[PDB]
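Contents: one structure, followed by commentary.
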Amino acid sequence: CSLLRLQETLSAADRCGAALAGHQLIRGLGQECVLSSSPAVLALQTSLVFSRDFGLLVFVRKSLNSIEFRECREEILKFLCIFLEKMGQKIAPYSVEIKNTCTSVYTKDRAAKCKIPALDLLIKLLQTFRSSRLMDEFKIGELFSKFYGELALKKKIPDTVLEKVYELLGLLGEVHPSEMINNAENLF
Amino acid sequence: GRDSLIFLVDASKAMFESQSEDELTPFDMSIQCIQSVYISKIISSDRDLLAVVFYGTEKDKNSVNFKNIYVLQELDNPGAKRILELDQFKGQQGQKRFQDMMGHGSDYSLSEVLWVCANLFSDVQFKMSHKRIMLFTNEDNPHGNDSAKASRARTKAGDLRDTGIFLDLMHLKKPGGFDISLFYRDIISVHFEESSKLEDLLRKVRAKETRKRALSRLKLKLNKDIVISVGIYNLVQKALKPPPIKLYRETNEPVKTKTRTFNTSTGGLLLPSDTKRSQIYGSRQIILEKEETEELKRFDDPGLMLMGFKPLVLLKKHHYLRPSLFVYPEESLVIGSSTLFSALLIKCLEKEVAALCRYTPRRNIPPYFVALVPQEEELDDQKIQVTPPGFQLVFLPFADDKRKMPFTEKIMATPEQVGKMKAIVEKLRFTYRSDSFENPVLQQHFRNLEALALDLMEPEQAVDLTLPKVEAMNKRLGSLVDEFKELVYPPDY
Amino acid sequence: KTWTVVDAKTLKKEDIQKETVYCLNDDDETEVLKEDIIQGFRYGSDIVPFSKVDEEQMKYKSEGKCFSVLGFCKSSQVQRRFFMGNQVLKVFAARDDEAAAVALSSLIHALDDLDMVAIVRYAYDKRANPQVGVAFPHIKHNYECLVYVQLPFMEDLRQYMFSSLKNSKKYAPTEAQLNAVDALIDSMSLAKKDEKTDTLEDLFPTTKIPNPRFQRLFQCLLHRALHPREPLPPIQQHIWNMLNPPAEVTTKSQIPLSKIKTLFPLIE
DNA sequence: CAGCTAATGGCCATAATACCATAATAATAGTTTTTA
DNA sequence: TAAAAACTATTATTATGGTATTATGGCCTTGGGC
């Protein structure tokens with residue numbers, strides 16, 4: 001609630017631009033998210049908290065162009081990929097939702113890559129990527145896998161983020177469906 | 001790093017008024033001054049940020065929530081409709097409407113204003129250095145009534161200068177250009193001159209460009225056994241624009257176009273693997289790796305080597321090509337080339353001798369033979385530096401340099417000419433300068449962009465002479481070129 | 001040539017071309033087709049929407065060509081560094097009716113006596129360009145011309161806060177090393193007086209001694225062109241002969257190369 | 001025609017572009033320290 | 001055992017260039033018995 005109210009509210013006023021305001025916001029409610037934790041009350045209370053801030057930020061920073069909010073998705077995306085391990089499962093709504101979500105966060109790097117942040121962008125999406133993965137999907141991922149495996153198939157980029165260059169190339173391997181696997185191991 | 005520069009207009013009352021004078025309110029003159037530097041940083045395109053604020057007035061624009069202020073804009077590198085947004089403010093209709101619509105003049109209090117604009121130095125979120133501010137006032141008397149305001153001037157003033165933050169008052173014509181000397185110090189805050197006006201500002205920055213830059217730092221091993229690291233510097237690059245940027249049509253927005261290689265036969269892709277770097281001639285196509293190419297450069301490494309000592313006068317121009325930009329040998333990191341490099345230049349210049357090097361550009365190259373003249377160190381009383389101590393980075397001449405140039409006979413002149421020719425040139429000569437020299441015909445386009453910047457009719461359409469002025473040509477010298485013309489010839493041109 | 005970037009495994013350029021791939025800007029920023037776009041910028045904080053049209057029209061220029069003396073000056077205030085450019089024009093007559101080439105010589109020696117330099121517009125002819133630059137007579141007795149070159153343009157001077165080397169007050173040794181390594185500077189003087197023609201033959205005498213990039217490649221060219229793929233091809237030291245000065249000078253540097261290390265230490 | 005055109009054969013400068021490649025800064029992590 | 005900071009170093013940042021490259025750049029060359 002203060003989690004949820006303070007997040008959707010202050011984060012909402014932030015839709016006129018936030019800068020430090022949002023980020024620390026993202027920090028405190030995000031960071032003081034888990035350090036304040038209890039089974040029952042706080043565990044599943046979060047489960048809805050996390051749940052509906054998912055539904056939020058997909059919208060929120062999806063809209064948000066880059067600006068402050070490249071750094072807002074520093075704060076978040078870090079808190080995201082680390083909040084994967086929070087729920088190994090009960091992911092399914094947020095499995096798929098975050099699936100094409102962070103897909104489009106690759107896309108948000110695709111708007112503007114590089115600088116300092118967009119590194120942090122795709123990088124944080126990468127650990128966002130796998131510990132997420134239970135298998136449990138087929139072409140919800142595989143679809144993504146395809147032209148991820150294009151998006152990294154190419155694209156001279158910084159020395160730093162180059163993990164993505166290879167990032168999903170075997171992660172698509174953990175996606176068992178053949179013919180894309182064919183595509184890659186031919187290509188790779 | 002990308003710094004602060006600040007416009008401000010004083011207000012007591014009559015300032016936005018014209019003093020009932022029949023030209024302009026010097027307030028407005030200031031207006032176009034603001035225009036001029038903010039616009040100026042279109043051209044110069046300076047990551048320095050600019051300030052537009054007034055005070056001393058009826059209503060307010062601020063966050064400090066006090067009487068007699070207005071913000072105009074927060075610190076910025078400019079904007080086109082930041083320009084336009086401010087462009088309302090010329091003209092008596094815009095004088096007034098600007099005034100009243102914002103409200104114009106009641107009272108003020110001085111150092112209050114200080115930390116006003118200073119507290120626009122609050123506005124810094126980024127890396128700036130220069131704290132530089134300008135007040136626009138004819139005010140002869142800040143006040144006589146409360147000299148506690150005066151103590152406040154002499155009080156917070158020293159703070160704000162001590163803040164490293166610097167405002168002065170240029171000589172903006174209160175009568176005499178000002179008649180006041182008297183108490184004025186507080187109001188205000190490599191050998192040059194100073195000016196009282198904007199015109200200097202205007203033209204001076206019409207073509208102007210970047211200032212603080214030194215980046216990629218190489219080395220010179222002198223021998224194998226001893227060290228210097230060499231600062232690479234551009235006196236200029238033959239400065240050019242930031243070049244045409246991709247923005248799509250109605251969307252107006254950056255394309256974020258990308259490029260890679262599809263297969264150009266089959267609908268597939270292509271990869272740097274899948275290709276290579278070739279030379280082809282005649283029958284034989286020959287293909288060798290982009291790597292193989294890029295390391296075929298390899299001889300040593302980026303870095304430099306004293307290769308010897310040569311008469312400076314040995315080569316003046318039999319020759320010339322792509323310039324030295326100026327490497328200053330670094331001495332902080334590696335000093336003693338403080339001393340070493342010092343006496344080096346001392347005596348090598350004394351010898352009229354120079355240090356040849358083989359320069360190896362960045363991420364290797366094939367390196368090249370280039371002389372280094374020792375560059376002398378020129379400073380006057382206030383230290384005009386024409387010759388920052390260093391080296392002339394002197395490309396050597398090579399085959400390509402001489403790849404071709406003709407030779408044949410030459411038929412020669414007579415002193416009968418030179419008797420006149422000399423003074424003729426004395427009429428054709430000018431003492432020249434360091435300054436007002438460019439290729440404006442490119443400047444004219446960031447004029448053409450000054451257009452959309454102001455969104456107006458015709459550019460500044462300013463004046464440099466890169467083209468000769470006929471009245472002087474036919475004036476000082478005259479037609480004596482006739483004498484020359486019929487000297488040896490009835491030309492018919 | 002560019003290092004022709006074409007195919008591997010075939011070499012056939014048929015598969016070969018790069019990807020246009022023009023995109024939209026943001027929020028999936030997807031493909032855009034029909035390459036045409038406006039031609040614009042950001043500058044400052046401001047996007048600079050604009051076209052190629054308003055460019056072309058709004059652009060003042062030269063005509064198709066011209067070359068016009070912009071004036072003259074003495075050479076005293078003038079500096080080699082402040083000779084700028086790369087391309088340089090030996091300029092000879094349109095002759096046959098050579099008269100104004102002779103009077104040209106007249107103005108030339110009107111320049112050379114008084115150390116006089118030329119200030120001239122130059123618009124290159126064949127296709128549509130304005131330019132402006134310095135030009136100056138060079139004198140080598142048998143034949144001479146004026147050379148068009150770029151006048152360094154007022155922006156062209158970068159200048160720093162640099163504290164003077166005129167201040168050595170933090171750095172001085174005893175001269176007693178400095179003089180000696182001067183004598184080195186002689187032993188390392190590349191051009192010393194030779195032939196008693198007062199032609200000091202600069203070891204590394206520039207000139208007929210080329211630069212690698214081409215030479216280097218050329219060895220790559222005979223090798224790989226004429227022999228199969230290999231690692232680094234012969235660097236044959238005639239290469240490095242050129243690269244490195246002669247060791248009578250260098251030998252004469254050796255013990256001075258010693259006095260370097262000895263007399264002149266290092267830090268870091 | 002008159003002379004063959006005259007756009008054919010050629011194409012150099014550019015500007016543009018690219019790659020492509022750093023400091024100006026600001027981070028990472030980092031391996032030690034014992035603590036436990 | 002790790003386990004704590006930890007000031008250190010790293011490699012991370014571009015803004016800014018320079019290469020290097022593209023492209024034709026609007027021109028000089030080619031043609032045929034009437």
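Simple scheme: letters A, B, ... for chains in structure tokens order, numbers from 1 for residues in each chain, numbers from 1 for ligands in the order shown.
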
(message) For the alpha helix (DSSP H) assignment from backbone DSSP, which residues of range 105-156 of chain B qualify? Please present them as a VMD selection string.
(response) chain B and resid 110 to 121 147 to 156

Output the selection as a CSV table (one decimal), in the first residue's frame - C-alpha atoms for each residue.
```csv
chain,number,residue,atom,x,y,z
B,110,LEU,CA,20.1,44.2,-4.4
B,111,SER,CA,21.9,41.2,-2.9
B,112,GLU,CA,18.6,39.6,-2.7
B,113,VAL,CA,18.9,39.7,-6.5
B,114,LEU,CA,22.4,38.4,-6.0
B,115,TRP,CA,21.4,35.2,-4.5
B,116,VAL,CA,18.5,35.2,-6.9
B,117,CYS,CA,20.6,34.7,-10.0
B,118,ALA,CA,23.2,33.0,-7.9
B,119,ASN,CA,20.5,30.7,-6.9
B,120,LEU,CA,20.2,30.1,-10.6
B,121,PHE,CA,23.7,28.8,-10.1
B,147,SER,CA,22.4,52.2,3.0
B,148,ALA,CA,21.9,48.8,4.7
B,149,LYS,CA,21.2,47.8,1.2
B,150,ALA,CA,24.6,49.3,0.3
B,151,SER,CA,26.3,47.3,3.1
B,152,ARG,CA,24.4,44.4,1.6
B,153,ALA,CA,26.0,45.1,-1.7
B,154,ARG,CA,29.5,45.3,-0.3
B,155,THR,CA,28.5,42.3,1.9
B,156,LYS,CA,26.9,39.5,-0.2
```

For chain C versus chain D, which residues have an atom no more than 8 Å away, and what is each residue's nearest atom pair and distance in Å rounded to one decimal, using only C-alpha atoms (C1' of nucleotides), chain-then-number order, as a tab-separated table?
```
residue	atom	partner	partner_atom	distance
C:124	CA	D:13	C1'	7.5
C:126	CA	D:13	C1'	7.7
C:127	CA	D:13	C1'	7.3
C:129	CA	D:14	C1'	7.3
```

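Every residue of chain E that lies within 9 Å of chain A is listed here, counting only C-alpha atoms (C1' of nucleotides): residues 11, 12, 13 and 14 of chain E.
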
Write out the residues from the selection above, keeping N, CA and C atoms (P, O5', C5', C4', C3', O3' and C1' of nucleotides), as a tab-separated table (two decimals), in the first residue's frame.
```tsv
chain	number	residue	atom	x	y	z
E	11	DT	P	42.00	-2.26	-17.49
E	11	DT	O5'	40.66	-2.00	-18.31
E	11	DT	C5'	40.02	-3.08	-18.97
E	11	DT	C4'	38.55	-3.11	-18.65
E	11	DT	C3'	37.74	-2.00	-19.27
E	11	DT	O3'	37.27	-2.42	-20.53
E	11	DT	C1'	37.25	-2.16	-16.97
E	12	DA	P	36.48	-1.40	-21.49
E	12	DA	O5'	36.12	-0.17	-20.54
E	12	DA	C5'	35.00	0.61	-20.82
E	12	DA	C4'	33.76	0.08	-20.12
E	12	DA	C3'	32.71	1.14	-19.78
E	12	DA	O3'	31.65	1.08	-20.69
E	12	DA	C1'	33.56	0.20	-17.82
E	13	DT	P	31.64	2.00	-22.01
E	13	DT	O5'	31.41	3.46	-21.42
E	13	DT	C5'	30.28	3.71	-20.62
E	13	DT	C4'	29.93	5.17	-20.69
E	13	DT	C3'	30.40	5.83	-21.97
E	13	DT	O3'	29.31	5.97	-22.85
E	13	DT	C1'	31.31	6.97	-20.09
E	14	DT	P	29.43	5.43	-24.36
E	14	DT	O5'	29.88	6.71	-25.20
E	14	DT	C5'	28.93	7.72	-25.54
E	14	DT	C4'	29.05	8.92	-24.61
E	14	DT	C3'	29.43	10.22	-25.28
E	14	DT	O3'	29.19	11.24	-24.34
E	14	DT	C1'	31.23	9.52	-24.05
```

(request) Residues of chain D no more than 8 Å from chain B, counting only C-alpha atoms (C1' of nucleotides): send them over as a ChimeraX atom specification. (result) /D:21-24

Write the selection just made, keeping C-alpha atoms (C1' of nucleotides), as a compact mmCIF listing (two decimals), in the first residue's frame?
```txt
# COMPACT_ATOMS: atom_id res chain seq x y z
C1' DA D 21 38.45 5.71 -31.71
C1' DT D 22 39.79 8.61 -26.89
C1' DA D 23 39.12 11.80 -21.96
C1' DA D 24 36.40 13.87 -20.10
```

Which residues of chain A have any atom within 9 Å of an atom in chain C when counting only C-alpha atoms, and what is the closest pair of atoms for each, with the distance in Å to one decimal? Order the rows by chain and rising number and write it as CSV.
```
residue,atom,partner,partner_atom,distance
A:62,CA,C:27,CA,7.5
A:63,CA,C:27,CA,7.3
A:64,CA,C:27,CA,8.8
A:65,CA,C:26,CA,7.3
A:104,CA,C:28,CA,7.0
A:107,CA,C:28,CA,5.7
A:108,CA,C:27,CA,6.8
A:110,CA,C:28,CA,7.5
A:111,CA,C:26,CA,4.8
A:112,CA,C:26,CA,8.1
```

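For residue 369 in chain B, the list of residues within 8 Å, based on only C-alpha atoms (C1' of nucleotides) and with local chain neighbours fewer than 6 positions off taken out, reads residues 356, 357, 358, 359, 395 and 396 of chain B; 206 and 211 of chain C.
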
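Considering only range 49-121 of chain C, backbone DSSP assigns strand (DSSP E or B) to residues 66, 67, 68, 69, 70, 71, 72, 73, 74, 84, 85, 86, 87, 88, 89, 90, 91, 116, 117, 118, 119, 120 and 121 of chain C.
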
Can you list every residue of chain D that has an atom at most 12 Å from chain A, with its nearest atom pair and the distance in Å to one decimal, using only C-alpha atoms (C1' of nucleotides), ordered by chain then number, as a tab-separated table?
```
residue	atom	partner	partner_atom	distance
D:19	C1'	A:156	CA	10.7
D:20	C1'	A:156	CA	11.3
D:21	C1'	A:158	CA	11.9
D:25	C1'	A:116	CA	11.7
D:26	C1'	A:116	CA	9.7
D:27	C1'	A:116	CA	9.3
D:28	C1'	A:160	CA	11.2
```

Check which residues of chain A sit at most 12 Å from chain B using only C-alpha atoms, and return one row each with the closest pair of atoms and their distance in Å to one decimal, ordered by chain and rising number, as CSV.
```
residue,atom,partner,partner_atom,distance
A:19,CA,B:125,CA,10.7
A:20,CA,B:125,CA,10.9
A:107,CA,B:256,CA,11.9
A:109,CA,B:256,CA,11.3
A:110,CA,B:256,CA,8.4
A:111,CA,B:256,CA,7.1
A:112,CA,B:256,CA,7.9
A:113,CA,B:256,CA,10.0
A:150,CA,B:269,CA,9.7
A:151,CA,B:260,CA,10.8
A:152,CA,B:260,CA,11.5
A:153,CA,B:271,CA,8.5
A:154,CA,B:260,CA,6.7
A:155,CA,B:260,CA,7.0
A:156,CA,B:260,CA,9.0
A:157,CA,B:258,CA,11.9
A:183,CA,B:268,CA,11.0
A:187,CA,B:271,CA,9.2
A:188,CA,B:271,CA,10.6
```

Please save N, CA and C atoms of the selected residues as a short mmCIF file (atom, residue, chain, number, x, y, z; two decimals), in the first residue's frame.
```cif
data_model
loop_
_atom_site.label_atom_id
_atom_site.label_comp_id
_atom_site.auth_asym_id
_atom_site.auth_seq_id
_atom_site.Cartn_x
_atom_site.Cartn_y
_atom_site.Cartn_z
N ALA A 19 13.06 12.66 -12.16
CA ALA A 19 14.48 12.73 -11.86
C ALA A 19 14.67 12.08 -10.49
N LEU A 20 15.49 12.68 -9.63
CA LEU A 20 15.82 12.07 -8.35
C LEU A 20 14.56 11.58 -7.66
N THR A 107 13.67 -3.20 -26.69
CA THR A 107 13.21 -2.13 -27.56
C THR A 107 13.48 -0.76 -26.98
N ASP A 109 16.06 0.11 -25.07
CA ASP A 109 17.42 0.29 -25.52
C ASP A 109 17.48 0.55 -27.01
N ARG A 110 16.53 -0.01 -27.76
CA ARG A 110 16.55 0.12 -29.21
C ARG A 110 16.22 1.54 -29.63
N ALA A 111 15.43 2.25 -28.82
CA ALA A 111 15.22 3.67 -29.06
C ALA A 111 16.54 4.42 -28.99
N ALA A 112 17.21 4.35 -27.85
CA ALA A 112 18.56 4.86 -27.71
C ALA A 112 19.38 3.84 -26.94
N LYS A 113 20.41 3.31 -27.58
CA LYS A 113 21.32 2.40 -26.91
C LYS A 113 22.36 3.20 -26.13
N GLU A 150 18.26 -12.27 -33.77
CA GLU A 150 18.67 -11.27 -34.74
C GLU A 150 19.29 -10.05 -34.08
N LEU A 151 18.67 -9.51 -33.02
CA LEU A 151 19.10 -8.20 -32.55
C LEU A 151 20.55 -8.23 -32.08
N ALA A 152 20.98 -9.36 -31.53
CA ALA A 152 22.37 -9.55 -31.19
C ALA A 152 23.18 -10.16 -32.33
N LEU A 153 22.51 -10.64 -33.37
CA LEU A 153 23.20 -11.28 -34.48
C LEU A 153 24.14 -10.31 -35.18
N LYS A 154 24.12 -9.05 -34.77
CA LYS A 154 24.57 -7.93 -35.56
C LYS A 154 24.96 -6.81 -34.60
N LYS A 155 25.00 -5.57 -35.10
CA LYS A 155 25.00 -4.39 -34.25
C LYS A 155 26.28 -4.11 -33.47
N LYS A 156 27.29 -3.53 -34.11
CA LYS A 156 28.45 -3.04 -33.38
C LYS A 156 28.04 -2.11 -32.25
N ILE A 157 28.59 -2.37 -31.07
CA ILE A 157 28.08 -1.83 -29.81
C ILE A 157 29.23 -1.74 -28.82
N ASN A 183 18.57 -22.31 -36.95
CA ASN A 183 19.02 -21.01 -37.41
C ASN A 183 20.31 -20.62 -36.73
N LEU A 187 24.14 -20.29 -37.76
CA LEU A 187 24.72 -18.95 -37.71
C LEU A 187 25.86 -18.88 -36.71
N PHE A 188 25.62 -19.31 -35.46
CA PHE A 188 26.57 -19.06 -34.39
C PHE A 188 27.96 -19.50 -34.77
#
```

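With CA of residue 232 in chain C on one side and CA of residue 295 in chain B on the other, the separation reads 8.8 Å.
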